Ligand SMILES: CC[C@H](CNC(=O)CCC1CCCCC1)Nc1ncnc2[nH]ncc12
């Protein structure tokens, strides 16, 4: 038993809710919140900009130190950093950005990072400003992640569509 409320169960291990991930994180305080990161951990907009704003820019300060030490992430890769006031940990995961021409096949690799964590609160990778089809992203999620994932979908209209079209 865990503290997530109001989710619709899609599969054995995947759940979905129309929610603002920042507010969900603020209430649940999950062990892991997933950020929709880029390779530079520049949290300017989308999910990342919202999460970072909610940390009063502490996420960005920590991220800049990480990059200065380690260099950029790989597309499809991840790193674990602090969750600040939102979660114990933040798993920064880089899905491909279609608006940058990156290979959508890397979306499966991106979701594989979730399997290193028993339970996660997450957005749909490569959705939103990353330019992928959120329905495809949901399919890859369901077919790749084996751990327990609670997906927060900000847009109510999108949410209805994802549910109604789910196979
Ligand atoms: C990481 C990508 C996801 C995609 N899913 C969305 O719902 C985005 C809203 C529209 C989706 C349909 C039209 C474009 C925007 N983006 C977020 N997912 C959860 N929470 C969030 N907060 N801010 C962004 C965001």
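Positions of Cβ are backbone-derived with ideal geometry, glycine not excepted, and every protein chain shown enters the neighbour counts. A short reminder: the numbers here are calculations on the coordinates, not readings from a lab.
Data for the structure
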item: For residue 150: the one exception among (1) more than 8 Å from the ligand (Cβ to nearest atom); (2) over 14 Å from residue 16 (Cα atoms); (3) touching a residue at least 40 places away in the same chain (Cβ under 8 Å); result: (2)
item: Residue tally, condition crowded, with 18+ Cβ neighbours inside 10 Å, more than 13 Å from the ligand (Cβ to nearest atom) and either within 15 Å of the chain's Cα centre (by Cα) or free of Cβ contacts under 8 Å to residues at least 12 places away in the same chain (or both), over the stretch 16-38; result: 2
item: Unmet requirement for residue 15, which otherwise passes all of (1) touching a strand residue (DSSP E or B) at 6+ places or on another chain (Cβ under 9 Å); (2) farther than 17 Å from residue 128 by Cα; (3) part of a helix (DSSP H, G or I); result: (3)
item: Some residue of the stretch 7-14 being more than 13 Å from the chain's Cα centre (by Cα) and free of Cβ contacts under 8 Å to residues at least 12 places away in the same chain; result: yes
item: Hey, residue 84 buried (at least 18 other Cβ atoms within 10 Å of the Cβ) and more than 21 Å from residue 145 (Cβ to Cβ) or not; result: yes
item: Complete set of residues in the stretch 157-167 that are loosely packed, with under 14 Cβ neighbours inside 10 Å and either within 8 Å of the ligand (Cβ to nearest atom) or within 24 Å of residue 2 (Cα to Cα) (or both); result: 157
item: Strands (runs of 3 or more DSSP E) lying entirely in the stretch 51-139 (those with 2 or more residues that are within 13 Å of the ligand (Cβ to nearest atom)); result: 89-93, 119-122
item: Test: residue in the stretch 51-71 that is free of Cβ contacts under 8 Å to residues at least 40 places away in the same chain, within 21 Å of residue 130 (Cβ to Cβ) and within 12 Å of the chain's Cα centre (by Cα); result: yes
